[PDB]
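Take a look at the letters that make up each chain.
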Amino acid sequence: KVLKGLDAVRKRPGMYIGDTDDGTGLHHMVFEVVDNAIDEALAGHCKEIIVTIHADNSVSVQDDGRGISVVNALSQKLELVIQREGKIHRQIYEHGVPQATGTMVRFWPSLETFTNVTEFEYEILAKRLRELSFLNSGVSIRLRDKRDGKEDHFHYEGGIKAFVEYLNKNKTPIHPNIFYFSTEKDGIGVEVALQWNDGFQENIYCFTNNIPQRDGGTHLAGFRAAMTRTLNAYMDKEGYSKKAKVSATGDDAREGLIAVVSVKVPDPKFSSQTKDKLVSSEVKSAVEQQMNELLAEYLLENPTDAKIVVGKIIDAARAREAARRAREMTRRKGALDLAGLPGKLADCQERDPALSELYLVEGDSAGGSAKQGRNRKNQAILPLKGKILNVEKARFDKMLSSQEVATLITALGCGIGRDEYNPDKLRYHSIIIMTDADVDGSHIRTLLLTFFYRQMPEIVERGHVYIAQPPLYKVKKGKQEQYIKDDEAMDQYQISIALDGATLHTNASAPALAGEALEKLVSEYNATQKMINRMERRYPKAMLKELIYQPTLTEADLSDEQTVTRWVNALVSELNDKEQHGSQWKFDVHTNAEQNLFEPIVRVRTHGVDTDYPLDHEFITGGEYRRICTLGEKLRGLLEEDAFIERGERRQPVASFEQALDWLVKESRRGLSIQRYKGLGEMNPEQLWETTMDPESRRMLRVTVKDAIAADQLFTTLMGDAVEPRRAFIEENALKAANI
DNA sequence: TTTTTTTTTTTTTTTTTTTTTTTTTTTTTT
DNA sequence: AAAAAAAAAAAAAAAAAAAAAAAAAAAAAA
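About the criteria used
Residues numbered from 1 in each chain as written, not as in the entry; some residues may be left out. Chains lettered and ligands numbered in written order. Part of a larger assembly, values for the part shown. Heavy atoms only, no water. UniProt positions renumbered as here; feature names shortened; annotations may be inferred. Helix = DSSP H or I, 4+ residues; strand = E, 2+ residues; numbered from the N terminus. Contact = heavy atoms within 4.5 Å. Buried < 20%, exposed > 50% of the residue type's maximum accessible area, 1.4 Å probe, protein only. Pairing = 2+ DSSP bridges. Patch = residues over 30% accessible without salt bridge, like charges linked within 9 Å, V, L, I, M, F, W, Y side chains within 5 Å. Areas by Shrake-Rupley, 256 points an atom, 1.4 Å probe, with all protein chains shown as cover. Salt bridge = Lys/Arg side-chain N within 4 Å of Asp/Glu carboxyl O. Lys, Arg positive; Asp, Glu negative; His and termini not counted. Charge placed at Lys NZ, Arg CZ, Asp CG, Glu CD. Core = buried A, V, L, I, M, F, W, Y, C linked by side-chain atoms within 4.5 Å. Axes fitted to C-alpha atoms, helices over the stretch in contact; angles between N-to-C directions. Domains from an automatic or database assignment. Buried area = accessible area lost by both parts, 1.4 Å probe. Polar contact = N/O pair within 3.5 Å; in protein donor to acceptor, adjacent residues only side chain to side chain. Nonpolar A, V, L, I, M, F, W, Y, C, P; charged D, E, K, R; others polar. Near = heavy atom within 4 Å. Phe/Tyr/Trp six-rings, centres within 6.5 Å; stacked < 30°, edge-to-face > 60°.

Method of structure determination, per the deposited record: cryo-EM was used for this entry, reaching 2.9 Å resolution.

As recorded in the PDB entry, chain A goes by the name DNA gyrase subunit B, listed as coming from Escherichia coli. The Sequence similarities field of the UniProt record for chain A holds the comment "Belongs to the type II topoisomerase family."

Regarding the environment of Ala542
Mapped onto the elements, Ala542 comes out in helix α17 (residues 541-549). As a C-alpha pair, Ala542 and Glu579 span 37 residues in sequence and 8.8 Å in three-dimensional space. Apart from the residues within four sequence positions on either side, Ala542 is in contact with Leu575 and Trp585.

Observations regarding helix α6 (residues 160-168)
Listed in full, the buried residues belonging to α6 are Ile160, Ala162, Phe163, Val164, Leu167 and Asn168. Here the buried face of α6 lies against α5 (122-135), β10 (188-196), β11 (202-208) and β13 (257-264).

Here's the deal with the UniProt feature "domain: Toprim" in chain A
Following the UniProt record, the feature "domain: Toprim" maps to residues 356-471 here. Spanning residues 356-471, this segment combines 35% helix with 15% strand, and its end C-alpha atoms are found 23 Å apart.

A look at the pairing of strand β5 (residues 103-109)
With four bridges connecting them, strand β2 (residues 59-62) and β5 associate as antiparallel partners. What sits directly across from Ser60, in β5, is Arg106. Bridging between strand β3 (residues 75-84) and β5 involves seven bridges; their strand directions are antiparallel. Among the inter-strand pairings, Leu78 is bridged to a residue of β5, identified as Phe107.

A few points about a negative patch on the surface
Negative charge collects at one region of the surface, where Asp19, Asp21, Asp22 and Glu516 lie side by side. As for its position among the elements, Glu516 is in helix α16 (residues 515-534).

Overview of the nonpolar core
In globular proteins that are soluble, nonpolar side chains generally tend to be buried together. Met543, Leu547 and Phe619 are the most contacted members of the largest nonpolar core, which has 84 residues in total. Considering each element in turn, this core owes the most residues, eight residues, to helix α3 (residues 24-42). The residues touching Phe619, leaving out its near neighbours within four places in the chain, are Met535, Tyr539, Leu544, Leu547 and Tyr625. Counting residues in each nonpolar core, the second largest holds 39 residues, with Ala259, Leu295, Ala306 and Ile314 among its members.

Some points on the sheet that holds strand β19 (residues 480-484)
With antiparallel pairing, three strands are arranged side by side in an open sheet as β19-β18-β26. Two strands bound the open sheet, and with one partner strand each, they are β19 and β26 (673-676). With strand direction ignored, the average angle separating the axes of adjacent strands in the sheet is 20 degrees. Where strand β18 (residues 473-477) and β26 come together, four bridges link them in antiparallel fashion. What sits directly across from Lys474, in β26, is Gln675.

Here's the deal with the domain arrangement of chain A
For interface size, the figure often reported is the accessible area lost on association. The domain architecture assigned to chain A consists of domain 1 (340-468 + 685-721), domain 2 (471-529 + 623-684) and domain 3 (530-621). Taken over C-alpha atoms, the centre of domain 1 sits 40 Å from the centre of domain 2. With 15 residues of domain 1 in contact, the opposing surface of domain 2 contributes 11 residues. Of all residues in domain 1, the largest losses of buried area upon contact with domain 2 belong to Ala437, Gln687 and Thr691, amounting jointly to 45% of the total for that side. Applying the counting rule to domain 1 against domain 2 returns zero salt bridges. Put simply, domain 1 and domain 2 have six residue pairs in polar contact between them. Partitioning the side of domain 1 that touches domain 2 into residue classes produces six nonpolar, five polar and four charged.

Re the protein's contact with DNA strand C
Neighbouring DNA strand C are the residues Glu362, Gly363, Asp364, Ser365, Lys385, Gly386, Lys387, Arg395, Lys398, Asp436, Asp440 and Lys678. When the atoms of DNA strand C within 4 Å of the protein are sorted by group, sugar and phosphate make up 95%. Residue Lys398 places a side-chain N or O atom 2.7 Å away from a phosphate oxygen belonging to DNA strand C. The contact in question runs from a phosphate oxygen of DNA strand C to an N or O atom on the side chain of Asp436, over 3.3 Å. Class assignment for the residues of the surface near DNA strand C results in no nonpolar, three polar and nine charged.

Remarks on the protein's contact with DNA strand B
Residues in contact with DNA strand B, as listed here, are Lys387, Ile388, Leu389, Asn390, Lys393, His443, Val723 and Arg726. With respect to DNA strand B, the side chain of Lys393 contributes an N or O atom lying 2.8 Å from a phosphate oxygen. Between DNA strand B and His443 there is a distance of 3.1 Å, counted from a sugar or linking oxygen to a side-chain nitrogen or oxygen.

Remarks on the packing of aromatic side chains
In this structure the tally under the stated criterion is 12 aromatic pairs. Taking 5.3 Å as the distance between ring centres and 50 degrees as the angle between the ring planes, the aromatic pair formed by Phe179 and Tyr298 counts as tilted. Of this pair, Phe179 sits in strand β8 (residues 179-181) while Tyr298 is found in helix α9 (residues 281-301), placing the two residues 119 residues apart along the sequence. Pair check on accessibility: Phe179 and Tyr298 agree, each one buried. Judged by centre distance (5.7 Å) and plane angle (50 degrees), the ring pair of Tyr525 and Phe657 falls under tilted. With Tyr525 in helix α16 and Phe657 in helix α22 (residues 657-668), this pair connects stretches of sequence that are 132 residues apart. A relative accessible area of 8% means that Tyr525 is categorised as buried. One aromatic cluster in this structure is built from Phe134, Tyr156, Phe163, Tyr166 and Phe207.

Structural data, given as structure tokens:
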């Protein structure tokens, strides 16, 4: 029982602990023990964790809590001495084989499993322990490197303030005070800290239950939104912006910012098993509210620092203003005066171009949805009418449509005629093509790009044209919510939910596989399945799927006639056993006298139609078979007889990776609910503001021309009158997609 | 100071138009 | 002869208007 699990862990140590070649497994074991010690300490029982690095390639972690397995299997020895109630009890585990106020565990890593990294780099351990000391306020950590004689004492009662001070010790902080708080509201404990510096670089560090988040997350978005809102409100109230004659925006307060954000959710939800991005919906609101209150309170309390921060922000805003191109003010449509603009236009209030935007939307319903949710000061909306003229196919004199005339009038380039064209009189220096997220939205985007590239080439060159990316799907699982752009992102999200909070055990008594390793296995499986589906015309799906689990057939096996017969006979017998349809599989071997190779053939009789699928020499080294062999080598022995999986409460014995994946997906899609938006008229205006109108949470794309000649050729082929180059291009791309 | 006709509800009855995309023909224009 | 331009077949994206039927307020003719 226990020995089976220990041997299972010992067979594939990289699956459980991580890649041992780079020494990451040893560091992972040390951090696991330190994490257990910190978990004991968080219950208010331990206060010192003396981590000693010995000279015999071993490390011991002391604990002072209440006190009294992957680590036992990989470790060749374990020294567990529990000092409880005035008693000392010693137990020694040797490869998980036992021989008979916390503990010191002096684990011995087995040199067989780990390769190329024996000794521990104490700088990495020191960095991680210092980070944990900052995160865990009032928790002493003692590093003791005995081999080199060095020692250290990481102990900071401030915590996040100490983290900010450590980050800013080498840099030049701009003001002495450090904003901080550790308020907790409805269980979402939030800790934030701030200190600007003269480096004009942004560095915001995010943590979630003492786990770093590389790619930000909901806490990062809430922090940024709260900071921008509070600083803008302070600027507007005190009137420093009017004296500066410039409006501060995002990426100016954030410029030259050092901050740390730490959260502790009871049930966190991440985008993947790497936990590099938090996607928990509830975390944003608490961070936003606490920042909105307390940062404003700090600004009121510290007017000396507020002046310096406002001065730096004004300097950044002045630099950004100076970087802009020369321009002039322009009349805007208003209640008193219309200035000869279209009725459908909903113009803004800011007369200055380069502080205004135009959203080109697909219709009147999307127009109303965007008009209800926007910023009236900056953003203007010009709703089109469905699909517009293809100016490439159409004549120049055919451009007398109300749709294109409305677009020409609002931009006021006067591009009609090719005589009054003047991009210097452009009314908006940010033209945004906010079409629907669906296929016809993409087509209308292409038509608008043709209009802008052909009729207004300098507007595209100067970078005024932008593309919005509104979401197509909204997915909800009770409290959780997300916005998804494409079906590929939908598939990735479905995989992430399937692997969310689930454990796979090779044996009945064995530990769970690592989340990263399981994600890599599932990614390999999905890639191979996609390749097999692409190969479905050439060969049957059943034979290709069965080739994964069979032994690999190398070129040396081809020369031996008996080996090929045994291999193909085993393959066909396995196919016949696992057959749920009327297909009848039979084997044959064809002998080439030229090359002395006995190639196999797998005859099939499906639906009464007999067919032969010879696996020639090309297929053995055809590239796809290499991928099949690699996945087979990965998946030979990841499922014993008593394998099972779990998703927390529920359990399921399994016998194949297909069964486990299907069960995981089926449990993923239990509470799921997808809302597909068939254009912006189906989104609420608040949803439009959150996703793709707010500059804080915007995701745009500048249209640029890398090559003029290649762009012209592509436009003429895809959008010209001649159909044959278009058909050839589409067929070539279809074949390219079908092939690797 | 007085008629008269015009706007607005909210349920009813009615219709109308503009583009994309590919073959194939028919005009018409040189 | 030759090129260019318009129309129509079928699925897609967009939208536009005319009147009844009461009350009650403007905003001009008289």
